[PDB]
Amino acid sequence: XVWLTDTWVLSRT
Amino acid sequence: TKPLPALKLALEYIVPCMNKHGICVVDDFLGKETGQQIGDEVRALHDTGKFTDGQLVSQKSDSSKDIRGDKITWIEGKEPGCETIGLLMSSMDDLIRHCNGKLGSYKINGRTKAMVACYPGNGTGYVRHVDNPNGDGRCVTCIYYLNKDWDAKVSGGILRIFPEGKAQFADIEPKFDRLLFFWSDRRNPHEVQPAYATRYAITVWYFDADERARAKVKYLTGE
Amino acid sequence: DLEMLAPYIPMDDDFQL
Ligand SMILES: O=C(O)CNC(=O)C(=O)O
Ligand SMILES: [Mn+2]
């Protein structure tokens, strides 16, 4: 649920 | 289990991510059940001998297999036994709709059919290239991977993107239920490293209305 | 040069959103 904005991967779940 | 709603996913992740990096990965996009159905439909299309050699925009090579070694088919989304692929494509379209023209300054009004691609191992890949080098209308590339428990250290098959203005390249493993977006133009040269196992992916290209309009020109003169 | 490497797409019957 949390996004490190220097990365470009995020789990929808 | 508890997937982010598409609207939130688009506005609070996909848009800011694409505008910052020009690349965006969503893992666990549709869940295991739907993803496995998509895998089944892809394997059925592949098993029926329906795939053809991937082609290039301007055929200037001795063989097209020198550049890309994948076999593909074009899926509209309404064909029989392709219902879950149509569901994938409608979900992609829903995300793009939610982005509401906030992907750069692009006005996205259309897209291509789905390209179902298979690299059948044996060291096949796609040499480093740009999807839309000379304004054919493609602004965003959208790829959905299908390869469960894919180990690149053994099977290769990694998508390496080389974004302009970045110190490092970006390695994308072709994971099951992964969705990938990136700008199709020269900002994102990219290559599929040789695969040594059967690697499946479904790609869609979204069009910028104005550039795509200018791409579709008929010269009634000789030129 | 780059055009010789780009993935082919149909130039007609785009799907409209
Ligand atoms: O399948 C992938 O990871 C990417 N494929 C391509 O770059 C393409 O077909 O243009
Ligand atoms: Mn490509």
# chains A, B, ... in the order shown; residues from 1 in each chain; ligands from 1
>>> closest_atom_pairs(of="chain B", to="chain A", cutoff="9 Å", atoms="only C-alpha atoms", output="CSV")
residue,atom,partner,partner_atom,distance
B:1,CA,A:13,CA,6.2
B:2,CA,A:13,CA,5.4
B:3,CA,A:13,CA,4.3
B:4,CA,A:12,CA,5.4
B:5,CA,A:12,CA,8.6
B:9,CA,A:12,CA,7.5
B:13,CA,A:3,CA,8.0
B:16,CA,A:5,CA,8.7
B:17,CA,A:8,CA,6.4
B:18,CA,A:8,CA,8.4
B:20,CA,A:5,CA,8.5
B:21,CA,A:8,CA,7.2
B:22,CA,A:8,CA,9.0
B:23,CA,A:8,CA,6.5
B:24,CA,A:8,CA,5.1
B:25,CA,A:9,CA,4.6
B:26,CA,A:10,CA,5.1
B:27,CA,A:11,CA,4.5
B:28,CA,A:12,CA,5.6
B:29,CA,A:12,CA,6.0
B:30,CA,A:12,CA,8.6
B:31,CA,A:13,CA,8.8
B:178,CA,A:11,CA,8.9
>>> write_last_selection(atoms="C-alpha atoms", output="CSV table (one decimal), in the first residue's frame")
chain,number,residue,atom,x,y,z
B,1,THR,CA,-6.9,-10.0,-1.5
B,2,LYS,CA,-7.7,-6.3,-1.2
B,3,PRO,CA,-6.7,-4.6,-4.5
B,4,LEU,CA,-6.6,-0.9,-4.9
B,5,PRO,CA,-9.6,0.5,-6.8
B,9,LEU,CA,-4.4,3.2,-8.7
B,13,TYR,CA,0.1,5.9,-8.7
B,16,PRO,CA,2.6,10.4,-10.9
B,17,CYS,CA,4.8,7.4,-11.6
B,18,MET,CA,4.7,7.8,-15.3
B,20,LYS,CA,8.2,11.1,-12.9
B,21,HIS,CA,9.9,8.0,-14.4
B,22,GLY,CA,8.2,7.3,-17.7
B,23,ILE,CA,7.9,3.6,-16.5
B,24,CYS,CA,5.3,2.2,-14.2
B,25,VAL,CA,4.9,-1.4,-12.9
B,26,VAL,CA,1.7,-2.6,-11.2
B,27,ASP,CA,2.1,-6.1,-9.6
B,28,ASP,CA,-0.9,-8.3,-8.9
B,29,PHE,CA,-3.1,-6.4,-11.4
B,30,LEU,CA,-6.0,-8.8,-11.8
B,31,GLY,CA,-5.3,-11.6,-9.3
B,178,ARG,CA,2.4,-7.9,-13.7
>>> closest_atom_pairs(of="chain B", to="ligand 1", cutoff="10 Å", atoms="only C-alpha atoms and all ligand atoms", output="Markdown table")
| residue | atom | partner | partner_atom_place_in_ligand_line | distance |
| --- | --- | --- | --- | --- |
| B:54 | CA | ligand 1 | 9 (O) | 7.9 |
| B:55 | CA | ligand 1 | 9 (O) | 9.4 |
| B:56 | CA | ligand 1 | 10 (O) | 9.3 |
| B:68 | CA | ligand 1 | 9 (O) | 7.9 |
| B:69 | CA | ligand 1 | 9 (O) | 9.7 |
| B:70 | CA | ligand 1 | 9 (O) | 7.9 |
| B:71 | CA | ligand 1 | 9 (O) | 9.8 |
| B:72 | CA | ligand 1 | 9 (O) | 9.1 |
| B:115 | CA | ligand 1 | 9 (O) | 7.9 |
| B:116 | CA | ligand 1 | 9 (O) | 9.1 |
| B:117 | CA | ligand 1 | 1 (O) | 6.9 |
| B:118 | CA | ligand 1 | 1 (O) | 8.2 |
| B:119 | CA | ligand 1 | 1 (O) | 8.3 |
| B:125 | CA | ligand 1 | 5 (N) | 8.6 |
| B:126 | CA | ligand 1 | 7 (O) | 6.5 |
| B:127 | CA | ligand 1 | 7 (O) | 8.4 |
| B:128 | CA | ligand 1 | 7 (O) | 8.1 |
| B:129 | CA | ligand 1 | 7 (O) | 7.4 |
| B:130 | CA | ligand 1 | 10 (O) | 7.8 |
| B:131 | CA | ligand 1 | 10 (O) | 5.8 |
| B:132 | CA | ligand 1 | 10 (O) | 9.4 |
| B:141 | CA | ligand 1 | 10 (O) | 8.6 |
| B:142 | CA | ligand 1 | 4 (C) | 9.4 |
| B:143 | CA | ligand 1 | 2 (C) | 7.0 |
| B:144 | CA | ligand 1 | 1 (O) | 8.5 |
| B:145 | CA | ligand 1 | 1 (O) | 7.7 |
| B:157 | CA | ligand 1 | 3 (O) | 7.7 |
| B:158 | CA | ligand 1 | 3 (O) | 7.1 |
| B:159 | CA | ligand 1 | 3 (O) | 4.8 |
| B:160 | CA | ligand 1 | 3 (O) | 8.2 |
| B:161 | CA | ligand 1 | 7 (O) | 9.1 |
| B:172 | CA | ligand 1 | 3 (O) | 7.7 |
| B:173 | CA | ligand 1 | 3 (O) | 8.3 |
| B:174 | CA | ligand 1 | 3 (O) | 6.6 |
| B:180 | CA | ligand 1 | 3 (O) | 8.9 |
| B:184 | CA | ligand 1 | 10 (O) | 9.2 |
| B:189 | CA | ligand 1 | 7 (O) | 8.8 |
| B:190 | CA | ligand 1 | 7 (O) | 6.3 |
| B:191 | CA | ligand 1 | 7 (O) | 5.9 |
| B:192 | CA | ligand 1 | 3 (O) | 5.7 |
| B:193 | CA | ligand 1 | 3 (O) | 8.8 |
| B:199 | CA | ligand 1 | 1 (O) | 8.1 |
| B:200 | CA | ligand 1 | 1 (O) | 7.4 |
| B:201 | CA | ligand 1 | 1 (O) | 5.4 |
| B:202 | CA | ligand 1 | 1 (O) | 7.4 |
| B:203 | CA | ligand 1 | 9 (O) | 7.1 |
| B:204 | CA | ligand 1 | 9 (O) | 9.5 |
| B:205 | CA | ligand 1 | 10 (O) | 9.6 |
>>> closest_residue(among="B:96, B:164, B:154, B:76", to="residue 15 (chain C)", atoms="only C-alpha atoms")
B:76
>>> closest_residue(among="B:15, B:220, B:57, B:10", to="ligand 2", atoms="only C-alpha atoms and all ligand atoms")
B:57
>>> residues_around(residues="residue 12 (chain C)", least_positions_apart="6", cutoff="12 Å", atoms="only C-alpha atoms", output="mmCIF file with N, CA and C atoms, in the first residue's frame")
data_model
loop_
_atom_site.group_PDB
_atom_site.id
_atom_site.type_symbol
_atom_site.label_atom_id
_atom_site.label_comp_id
_atom_site.auth_asym_id
_atom_site.auth_seq_id
_atom_site.Cartn_x
_atom_site.Cartn_y
_atom_site.Cartn_z
ATOM 1 N N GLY B 110 -7.511 6.160 -28.610
ATOM 2 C CA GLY B 110 -7.597 4.855 -29.240
ATOM 3 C C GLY B 110 -6.381 4.015 -28.923
ATOM 4 N N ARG B 111 -6.404 2.773 -29.395
ATOM 5 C CA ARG B 111 -5.266 1.889 -29.208
ATOM 6 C C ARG B 111 -5.264 0.816 -30.287
ATOM 7 N N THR B 112 -4.203 0.011 -30.282
ATOM 8 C CA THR B 112 -4.136 -1.120 -31.191
ATOM 9 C C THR B 112 -4.925 -2.294 -30.619
ATOM 10 N N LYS B 113 -5.118 -3.318 -31.434
ATOM 11 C CA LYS B 113 -5.512 -4.613 -30.905
ATOM 12 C C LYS B 113 -4.440 -5.137 -29.947
ATOM 13 N N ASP B 136 4.478 7.438 -35.394
ATOM 14 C CA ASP B 136 3.373 6.657 -35.920
ATOM 15 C C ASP B 136 2.146 6.696 -35.018
ATOM 16 N N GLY B 137 2.185 7.457 -33.917
ATOM 17 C CA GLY B 137 1.019 7.693 -33.086
ATOM 18 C C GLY B 137 1.054 7.050 -31.717
ATOM 19 N N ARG B 212 -1.455 10.282 -34.173
ATOM 20 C CA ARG B 212 -2.016 9.151 -34.905
ATOM 21 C C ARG B 212 -2.796 9.617 -36.132
ATOM 22 N N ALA B 213 -3.528 10.724 -36.008
ATOM 23 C CA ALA B 213 -4.198 11.314 -37.160
ATOM 24 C C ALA B 213 -3.204 11.640 -38.264
ATOM 25 N N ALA B 215 -0.359 10.260 -38.732
ATOM 26 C CA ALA B 215 0.270 9.064 -39.277
ATOM 27 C C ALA B 215 -0.527 8.466 -40.431
ATOM 28 N N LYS B 216 -1.845 8.665 -40.463
ATOM 29 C CA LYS B 216 -2.715 7.954 -41.403
ATOM 30 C C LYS B 216 -3.005 8.846 -42.603
ATOM 31 N N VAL B 217 -2.106 8.809 -43.582
ATOM 32 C CA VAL B 217 -2.147 9.740 -44.702
ATOM 33 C C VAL B 217 -2.066 8.950 -45.996
ATOM 34 N N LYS B 218 -2.928 9.280 -46.949
ATOM 35 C CA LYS B 218 -2.932 8.657 -48.268
ATOM 36 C C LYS B 218 -2.558 9.689 -49.319
#
>>> residues_around(residues="region 196-198 of chain B", least_positions_apart="6", cutoff="7 Å", atoms="only C-alpha atoms", output="list in words")
residues 118, 119, 120, 121, 122, 123, 155 and 156 of chain B
>>> write_last_selection(atoms="N, CA, C and O atoms", output="tab-separated table (two decimals), in the first residue's frame")
chain	number	residue	atom	x	y	z
B	118	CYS	N	4.87	-14.67	-27.92
B	118	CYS	CA	5.56	-15.78	-27.29
B	118	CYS	C	6.99	-15.82	-27.80
B	118	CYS	O	7.22	-15.88	-29.01
B	119	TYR	N	7.95	-15.72	-26.87
B	119	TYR	CA	9.34	-16.03	-27.16
B	119	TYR	C	9.55	-17.49	-26.78
B	119	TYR	O	9.53	-17.81	-25.58
B	120	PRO	N	9.71	-18.39	-27.73
B	120	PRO	CA	9.79	-19.84	-27.42
B	120	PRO	C	11.18	-20.30	-26.99
B	120	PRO	O	11.70	-21.30	-27.51
B	121	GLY	N	11.77	-19.60	-26.04
B	121	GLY	CA	13.09	-19.98	-25.57
B	121	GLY	C	14.12	-20.05	-26.67
B	121	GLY	O	14.07	-19.31	-27.67
B	122	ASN	N	15.09	-20.94	-26.47
B	122	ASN	CA	16.15	-21.16	-27.45
B	122	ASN	C	16.95	-19.89	-27.72
B	122	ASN	O	17.49	-19.71	-28.82
B	123	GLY	N	17.01	-19.01	-26.73
B	123	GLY	CA	17.79	-17.81	-26.86
B	123	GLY	C	17.13	-16.72	-27.67
B	123	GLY	O	17.82	-15.77	-28.07
B	155	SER	N	16.30	-18.53	-16.90
B	155	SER	CA	15.57	-18.46	-18.16
B	155	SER	C	15.80	-17.16	-18.92
B	155	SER	O	15.30	-17.02	-20.04
B	156	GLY	N	16.57	-16.22	-18.38
B	156	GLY	CA	16.74	-14.96	-19.09
B	156	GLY	C	15.40	-14.26	-19.24
B	156	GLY	O	14.55	-14.28	-18.34
>>> select_by_dssp(residues="region 24-116 of chain B", states="strand (DSSP E or B)", output="list in words")
residues 24, 25, 26, 27, 52, 53, 56, 68, 71, 72, 73, 74, 75, 108, 109, 110, 111, 114, 115 and 116 of chain B
